[PDB]
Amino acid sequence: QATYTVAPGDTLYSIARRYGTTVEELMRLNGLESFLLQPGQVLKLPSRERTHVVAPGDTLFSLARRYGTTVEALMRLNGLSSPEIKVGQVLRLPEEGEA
């Protein structure tokens, strides 16, 4: 779960612009009803897909266990047909709930 601390000068639209989301989505995920933002308030950010650059010694199993997902979900997300991975390969990572 990604969050963000509201800084002086921030607004729901100014933050939404940065992280490529909408004002409504920010309010919908935080349960807000007002456009007011207190400096220091913690806002929940819309989930963005994590990423991993395959390093020496990595396996799909180790990466899956590391990022709280499964080998199966990892391969599906990246359209893989075999478990082999190469050093330097960029993998899209499922969410920690196998999502």
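Residue numbers run from 1 along the displayed sequence.
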When the C-alpha temperature factors are averaged for each of 53 to 61 and 30 to 38, which stretch ends up with the higher value in the entry? 30 to 38
With respect to the recorded C-alpha B factors, which stretch has the higher mean value, 39 to 47 or 69 to 77? 39 to 47
Residue 2: CA temperature factor from the record, placed by chain third, in the middle
Quick check on the deposited entry: does the C-alpha B-factor of residue 82 sit in the lowest, middle or highest third of its chain? middle
